[PDB]
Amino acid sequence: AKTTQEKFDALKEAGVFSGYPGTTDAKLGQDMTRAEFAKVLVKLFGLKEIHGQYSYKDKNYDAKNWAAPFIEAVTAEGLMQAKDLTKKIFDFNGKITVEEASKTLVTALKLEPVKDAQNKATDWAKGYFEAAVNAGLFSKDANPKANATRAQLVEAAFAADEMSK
């Protein structure tokens, strides 16, 4: 039995998390970015990083962007998609809702969404949020429409890692 910080520490040892350069602060309280989620997904699901290729036109999406090799990987693999497919915008600083994360992780873990799920999630997400709660990826009382915190994604990543092992 481990606290959120202990789960982060365990996942850091496993190489799934690394925290931020120049601080021991895991910043568990703040909303995870789409870039951070791409990195965690690559580590969880053993995806190959794709260096030196840029599939998006976002300002400051280039070789200088640490997240590009992870964003490219989840893009090719189809675990994450463009925010704007036509303008080819990823929105790497953008946040991710609990229900968005639920669909991505449930799909990646090859779990089946729950038919006619009764919960507060958006219609497209109801089955995925329910399946995520049932598999111990998120708490039943999480707001599915709220931005997922780094704490929530540490908890989810720890469960996904244990179920994938």
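From 1 onward, residues are counted along the sequence shown.
For the pair 54-62 and 99-107, the record assigns the higher mean C-alpha temperature factor to 54-62. Legend: mean Cα B-factor per stretch from the PDB entry, 82-90 versus 68-76; the higher mean is in 82-90.
When the C-alpha B-factors of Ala131, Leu47, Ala26, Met32 are ranked from the entry, the top spot goes to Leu47. Among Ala135, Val40, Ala117, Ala125, the highest C-alpha B-factor in the deposited entry belongs to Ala117.
Per the deposited record, the Cα B-factor of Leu11 falls in the middle third when ranked against the other modelled residues of its chain. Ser164 sits in the highest third of its chain by CA B factor, as recorded in the PDB entry.
Ranked against the other modelled residues of its chain, the C-alpha B-factor of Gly19 as given in the entry falls in the middle third.
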